[PDB]
Every structure is written in C-alpha cells, then in structure tokens.
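Student: Coordinates in target13.cif, mmCIF, C-alpha atoms, are listed below.
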data_coords
#
loop_
_atom_site.label_atom_id
_atom_site.label_comp_id
_atom_site.auth_asym_id
_atom_site.auth_seq_id
_atom_site.Cartn_x
_atom_site.Cartn_y
_atom_site.Cartn_z
CA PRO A 47 44.19 -0.38 19.30
CA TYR A 48 43.15 -1.54 22.76
CA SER A 49 41.06 1.59 23.37
CA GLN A 50 39.22 1.11 20.07
CA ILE A 51 38.64 -2.57 20.88
CA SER A 52 37.21 -1.64 24.28
CA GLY A 53 34.95 0.83 22.50
CA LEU A 54 33.87 -1.98 20.16
CA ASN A 55 32.96 -4.04 23.24
CA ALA A 56 29.75 -1.97 23.34
CA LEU A 57 28.77 -1.20 19.74
CA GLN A 58 25.43 0.59 19.30
CA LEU A 59 24.48 -0.88 15.95
CA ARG A 60 21.49 0.68 14.21
CA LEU A 61 20.03 -0.54 10.91
CA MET A 62 18.41 1.81 8.39
CA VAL A 63 16.00 0.59 5.71
CA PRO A 64 15.24 3.29 3.10
CA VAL A 65 11.59 2.83 2.10
CA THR A 66 9.88 5.33 -0.20
CA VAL A 67 6.10 5.40 0.20
CA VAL A 68 4.28 6.83 -2.83
CA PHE A 69 0.69 8.04 -2.47
CA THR A 70 -1.89 8.40 -5.23
CA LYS A 81 -0.76 16.84 1.44
CA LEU A 82 2.39 16.60 3.57
CA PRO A 83 5.59 14.50 3.26
CA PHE A 84 5.45 13.39 6.88
CA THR A 85 8.58 11.19 6.71
CA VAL A 86 7.57 9.26 9.83
CA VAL A 87 10.25 6.96 11.26
CA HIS A 88 9.41 3.75 13.12
CA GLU A 89 12.15 1.96 15.06
CA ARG A 90 12.46 -0.73 17.72
CA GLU A 91 15.23 -2.56 19.58
CA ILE A 92 15.10 -6.26 20.44
CA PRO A 93 16.67 -6.87 23.91
CA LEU A 94 20.14 -8.48 23.93
CA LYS A 95 21.59 -10.35 26.90
CA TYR A 96 24.92 -8.52 26.59
CA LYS A 97 26.15 -4.95 26.14
CA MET A 98 25.94 -4.94 22.34
CA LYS A 99 22.49 -3.78 21.23
CA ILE A 100 20.75 -3.34 17.87
CA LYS A 101 17.85 -1.15 16.71
CA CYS A 102 16.13 -1.56 13.35
CA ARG A 103 15.05 1.77 11.88
CA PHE A 104 12.52 2.43 9.10
CA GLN A 105 12.81 5.71 7.17
CA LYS A 106 9.67 6.22 5.07
CA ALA A 107 9.86 9.06 2.55
CA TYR A 108 6.09 9.48 1.96
CA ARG A 109 6.79 11.01 -1.45
CA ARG A 110 3.88 12.08 -3.63
CA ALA A 111 3.30 10.39 -6.97
CA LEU A 112 5.27 11.62 -9.99
CA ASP A 113 3.19 9.74 -12.62
CA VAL A 124 -0.69 -5.89 -10.63
CA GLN A 125 2.32 -7.74 -12.03
CA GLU A 126 1.86 -5.70 -15.21
CA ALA A 127 2.23 -2.41 -13.34
CA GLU A 128 5.35 -3.23 -11.31
CA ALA A 129 7.14 -4.44 -14.44
CA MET A 130 6.92 -1.07 -16.19
CA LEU A 131 6.97 1.42 -13.29
CA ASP A 132 10.03 0.01 -11.51
CA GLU A 133 13.30 1.66 -12.53
CA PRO A 134 16.11 -0.93 -12.68
CA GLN A 135 18.75 1.80 -12.36
CA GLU A 136 17.29 3.04 -9.05
CA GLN A 137 17.99 -0.23 -7.24
CA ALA A 138 19.64 -0.06 -3.82
CA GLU A 139 20.37 -3.04 -1.59
CA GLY A 140 18.08 -3.33 1.41
CA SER A 141 15.81 -0.52 0.17
CA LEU A 142 12.08 -1.13 -0.15
CA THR A 143 9.66 0.86 -2.32
CA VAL A 144 5.93 0.62 -1.61
CA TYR A 145 3.11 2.22 -3.59
CA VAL A 146 -0.16 3.43 -2.07
CA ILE A 147 -3.14 2.29 -4.12
CA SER A 148 -6.75 3.41 -3.81
CA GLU A 149 -9.13 1.50 -1.55
CA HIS A 150 -11.11 0.70 -4.73
CA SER A 151 -8.33 0.87 -7.34
CA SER A 152 -8.95 -2.83 -8.19
CA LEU A 153 -5.28 -3.27 -9.14
CA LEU A 154 -5.28 -6.08 -6.57
CA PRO A 155 -8.38 -8.13 -5.67
CA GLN A 156 -10.62 -6.40 -3.15
CA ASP A 157 -10.04 -9.27 -0.71
CA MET A 158 -6.28 -8.54 -0.88
CA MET A 159 -5.27 -5.33 0.88
CA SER A 160 -1.46 -5.61 0.69
CA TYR A 161 0.63 -6.88 -2.23
CA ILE A 162 4.18 -8.15 -1.69
CA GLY A 163 5.89 -8.57 -5.04
CA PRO A 164 9.48 -9.28 -5.98
CA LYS A 165 12.35 -6.84 -6.51
CA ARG A 166 11.75 -4.72 -3.39
CA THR A 167 8.34 -3.45 -4.56
CA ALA A 168 5.07 -3.58 -2.62
CA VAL A 169 1.56 -2.14 -2.90
CA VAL A 170 -0.72 -1.16 -0.02
CA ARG A 171 -4.34 -0.05 -0.23
CA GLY A 172 -5.33 3.34 1.15
CA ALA A 178 -0.86 10.33 5.37
CA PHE A 179 -2.68 8.54 8.20
CA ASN A 180 -1.88 6.24 11.10
CA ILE A 181 -4.15 3.44 9.84
CA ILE A 182 -2.36 3.23 6.49
CA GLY A 183 1.03 3.82 8.11
CA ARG A 184 0.49 0.74 10.27
CA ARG A 185 -0.07 -1.19 7.03
CA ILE A 186 3.22 0.08 5.60
CA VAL A 187 4.97 -0.86 8.84
CA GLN A 188 3.49 -4.38 8.75
CA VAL A 189 4.42 -4.87 5.09
CA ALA A 190 7.97 -3.61 5.65
CA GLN A 191 8.35 -5.91 8.66
CA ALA A 192 7.17 -8.78 6.46
CA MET A 193 9.66 -7.89 3.72
CA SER A 194 12.66 -6.67 5.73
CA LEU A 195 14.25 -6.64 9.18
CA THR A 196 11.82 -8.51 11.38
CA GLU A 197 13.00 -9.54 14.83
CA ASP A 198 13.06 -13.22 13.83
CA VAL A 199 15.53 -12.68 10.97
CA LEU A 200 18.20 -11.21 13.25
CA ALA A 201 17.50 -13.71 16.05
CA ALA A 202 18.96 -16.36 13.75
CA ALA A 203 21.96 -14.19 12.83
CA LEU A 204 23.00 -13.40 16.42
CA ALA A 205 22.15 -16.08 18.99
CA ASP A 206 24.96 -15.58 21.52
CA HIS A 207 23.54 -12.14 22.35
CA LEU A 208 19.95 -13.42 22.35
CA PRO A 209 18.26 -13.51 25.78
CA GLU A 210 16.52 -16.86 25.20
CA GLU A 216 16.04 -24.86 16.67
CA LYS A 217 16.82 -21.16 15.98
CA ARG A 218 20.49 -21.93 15.10
CA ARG A 219 19.38 -23.98 12.04
CA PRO A 220 20.56 -21.31 9.51
CA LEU A 221 23.97 -22.08 7.93
CA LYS A 222 26.76 -19.87 9.37
CA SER A 223 28.40 -16.96 7.55
CA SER A 224 31.38 -17.62 5.30
CA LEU A 225 33.24 -16.09 2.38
CA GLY A 226 32.38 -19.11 0.24
CA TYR A 227 30.33 -22.29 0.07
CA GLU A 228 30.61 -25.48 -1.96
CA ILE A 229 27.64 -27.46 -3.27
CA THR A 230 28.22 -31.13 -4.08
CA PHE A 231 25.58 -33.17 -5.93
CA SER A 232 26.42 -36.82 -5.32
CA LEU A 233 24.46 -39.62 -6.99
CA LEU A 234 24.50 -42.77 -4.85
CA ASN A 235 24.18 -45.95 -6.90
CA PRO A 236 24.36 -48.90 -4.48
CA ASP A 237 23.65 -51.51 -7.16
CA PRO A 238 25.39 -50.87 -10.51
#
Write the structure described by the file as structure tokens, please.

Tutor:
Amino acid sequence: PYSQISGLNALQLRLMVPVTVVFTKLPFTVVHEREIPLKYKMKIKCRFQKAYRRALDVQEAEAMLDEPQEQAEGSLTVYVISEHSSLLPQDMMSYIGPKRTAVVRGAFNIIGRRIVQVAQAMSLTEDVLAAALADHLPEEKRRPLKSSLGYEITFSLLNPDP
C-alpha cells in the first residue's frame, strides 16, 4: 500500500484524555487543546475533554467514592471541592491522589484553569511526549529507556572477595 504509506507520511495524531469534572448550573464541557511544534510533517495535539458533570451523591473519601469498575486507561476524574470544605488543608488548593483521581478547590474560568493545570500535571504534558518522540522534536532528554515488547531485569550480586 504505497498510497497508504504516503498518507502515513503526514499523520495528524490527536490525543484525547477523558476527564470528568464533578462539581459540588450548566455542563459546559469545555475542551482545551494545544499542539507542540514538530520539526517534520507529523504533528500531534493533546486534547482535554472535560465533562463538567454535576454531583450524583481526603484519602478516606477517594477510597470509598471511586468505582473500580469504571476504570479506563488514560482517563482522569477530578472532583470540585468547596473553597472551605476542609477535606484538604486550607493551604493546599489542589490534591493529586493515585488511581486517576484528583480534587480541586472551588463553571468558571478561574477554576477551569486549575483543572487544566492539574490535568497537565497528571497527564499529557509537553515534556512527557518530548521524551517519547525526539527525532520530530525541534530542539539529556533521550534518557528514557526505548519502547519494546519485553524487558529483562537482572539482579547480580558482585562478590569480589569470597
């Protein structure tokens, strides 16, 4: 398939991260996306799809509210908490827990910027992909191990003087 290969020469990859924001008026479903410049024809564009769902009714909370069945790879789930909810310390405004669950104090642009910052911290920042693709980068960096179908770990104990 020479024609298909030539089409693949310029592949417009876009990456979608399903994030469901839960507030505690209008499901805005705002989408924030950006594209890091690549030196060659192939380009990428990370896309954030925020659901802005209303509530359906800190480590203690996430343990019981998170549904293990509703787990999707590369899908974040943040929870809006009150500006005085005291679930997290008042000096802490964003909480980044494990298992794709976050909490942000607070639709509005000011809070939406916080969700964007938290999502960038937890998924698909420009630096993560810069390591993955470096031949297309316009610039260390290549420290990450390369991709493979398998890896082998060997734990050797050196005993120079038995």

Student: Evaluated on this file, the PyMOL selection byres ((chain A and resi 47-59) around 12) picks out some residues - which ones are they, written as a list in words?

Tutor: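 Applied to this file, the PyMOL selection byres ((chain A and resi 47-59) around 12) returns residues 60, 61, 62, 91, 92, 94, 96, 97, 98, 99, 100, 101, 102, 103 and 207 of chain A.
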
Student: Determine the residue set returned by the PyMOL selection byres ((chain A and resi 185) around 12) for the present structure, and present it as a short mmCIF file (atom, residue, chain, number, x, y, z; two decimals) with C-alpha atoms, keeping the file's coordinate frame.

Tutor:
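Saved file expr26.cif follows:
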data_model
loop_
_atom_site.label_atom_id
_atom_site.label_comp_id
_atom_site.auth_asym_id
_atom_site.auth_seq_id
_atom_site.Cartn_x
_atom_site.Cartn_y
_atom_site.Cartn_z
CA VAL A 67 6.10 5.40 0.20
CA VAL A 144 5.93 0.62 -1.61
CA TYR A 145 3.11 2.22 -3.59
CA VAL A 146 -0.16 3.43 -2.07
CA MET A 159 -5.27 -5.33 0.88
CA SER A 160 -1.46 -5.61 0.69
CA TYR A 161 0.63 -6.88 -2.23
CA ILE A 162 4.18 -8.15 -1.69
CA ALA A 168 5.07 -3.58 -2.62
CA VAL A 169 1.56 -2.14 -2.90
CA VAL A 170 -0.72 -1.16 -0.02
CA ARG A 171 -4.34 -0.05 -0.23
CA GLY A 172 -5.33 3.34 1.15
CA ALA A 178 -0.86 10.33 5.37
CA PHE A 179 -2.68 8.54 8.20
CA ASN A 180 -1.88 6.24 11.10
CA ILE A 181 -4.15 3.44 9.84
CA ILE A 182 -2.36 3.23 6.49
CA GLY A 183 1.03 3.82 8.11
CA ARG A 184 0.49 0.74 10.27
CA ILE A 186 3.22 0.08 5.60
CA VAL A 187 4.97 -0.86 8.84
CA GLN A 188 3.49 -4.38 8.75
CA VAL A 189 4.42 -4.87 5.09
CA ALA A 190 7.97 -3.61 5.65
CA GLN A 191 8.35 -5.91 8.66
CA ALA A 192 7.17 -8.78 6.46
#

Student: Quick one: distance from CA of residue 125 (chain A) to CA of residue 85 (chain A) in Å, one decimal?

Tutor: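 Separating CA of residue 125 (chain A) from CA of residue 85 (chain A) is a distance of 27.4 Å.
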
Student: Using the chain letters and numbers from this file, what does the PyMOL selection byres ((chain A and resi 219-234) around 12) select? Give the answer as a VMD selection string.

Tutor: chain A and resid 198 to 205 216 to 218 235 to 238

Student: Which value, in Å to one decimal, gives the distance between CA of residue 141 (chain A) and CA of residue 112 (chain A)?

Tutor: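 Distance reported for this atom pair: 19.0 Å.
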
Student: For the atom pair CA of residue 156 (chain A) and CA of residue 87 (chain A), what is the interatomic distance in Å to one decimal place?

Tutor: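 Computed distance, CA of residue 156 (chain A) to CA of residue 87 (chain A), equals 28.7 Å.
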
Student: Taking 3 positions as the minimum chain separation for residues in the same chain, which residues sit within 8 Å of residue 83 (chain A) when counting only C-alpha atoms? Answer as a count of residues only.

Tutor: 5

Student: Which is closest to residue 70 (chain A) among A:149, A:124, A:93, A:106, if we use only C-alpha atoms?

Tutor: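 Of all the options, A:149 lies closest to residue 70 (chain A).
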
Student: Set the distance at 12 Å and use all atoms listed in the file: which residues neighbour residue 129 (chain A) once local chain neighbours fewer than 2 positions away are removed? I'd like the list as a ChimeraX atom specification.

Tutor: /A:124-127,131-134,163-167

Student: Pick out the closest residue to residue 208 (chain A) from this set: A:95, A:111, A:81, A:150. Count all atoms listed in the file.

Tutor: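 For residue 208 (chain A), the nearest of the candidates is A:95.
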